[PDB]
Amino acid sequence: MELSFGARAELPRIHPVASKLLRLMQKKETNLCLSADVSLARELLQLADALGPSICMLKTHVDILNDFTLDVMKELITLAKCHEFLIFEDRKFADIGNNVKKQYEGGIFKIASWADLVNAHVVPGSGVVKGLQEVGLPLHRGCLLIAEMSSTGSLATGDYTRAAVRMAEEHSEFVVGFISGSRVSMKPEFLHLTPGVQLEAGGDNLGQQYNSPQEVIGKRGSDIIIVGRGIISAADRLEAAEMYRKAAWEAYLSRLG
């Protein structure tokens, strides 16, 4: 029933992006995604280089990157290839299909040209996925659907979460998993990534709520933890990243028996 990341990478129905990710997770013993919520390219690239060995994925946030250029992205790709992690852009695609197609491909950011993974809200209906899919690109790309949110008052519950799971099933040629607080699909080909993670209980003053790596990976059945401030605002960032990596990895191992 429960399979290692390396075995999941070989599943018949696995998407190539998911397989690549699962293989590097197994190789590096990491199921940590760094949320690089920073405003300067210098710091983004410093984090990518210093923490690259500890992470399976780096979540970029280009809408707050004051000095974004595509040359910054090219240097991030070099680090991602060297250290072996995927690039996941934070942008909350959440529009009619015709608009998300334009937003994914175009503008200054040209997200599709560099992001291995993107995430979408399911509120618009399945056109949100179909519009992203319609971007022509001869590269391997995946999408994550936001099935649950970590924040107080989230409406991504109940039938909304179920709709996200059905939408993912039905678009598995492109959708490779979920942003969720827990396992929401029983199909092992899908990835579950969980934000709202810190070692200590608490939250922020703007509705964020935290749970621990052991809780979300071990008890709630998710695959990957997404951690921003727990690392990037820590006194010792590498020490923090390693604590999060070890916590999430052991919690995952505990489900393999």
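For every residue, the number given is its place in the sequence shown, counted from 1.
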Mean Cα B-factor comparison, 109 to 117 or 181 to 189, giving the higher one as deposited: 181 to 189
Comparing mean C-alpha B factor in the record for 99 to 107 and 153 to 161, the higher one is 153 to 161
Highest CA temperature factor in the entry: which of 147, 87, 176, 137? 137
Among the choices 63, 37, 223, 29, identify the one whose CA B-factor in the record is greatest. 29
Temperature factor at the Cα of residue 227, chain-ranked in thirds, falls in the lowest
Rank-wise, by C-alpha B-factor, drop residue 55 into the lowest, middle or highest third of its chain. lowest
Would you please rank residue 141 by its C-alpha temperature factor against the other modelled residues of its chain and give the third it falls in: lowest, middle or highest? lowest
Within-chain third of residue 130 by Cα B-factor, per the entry: middle
Residue 205: C-alpha B-factor third of its chain, per the entry, is the highest
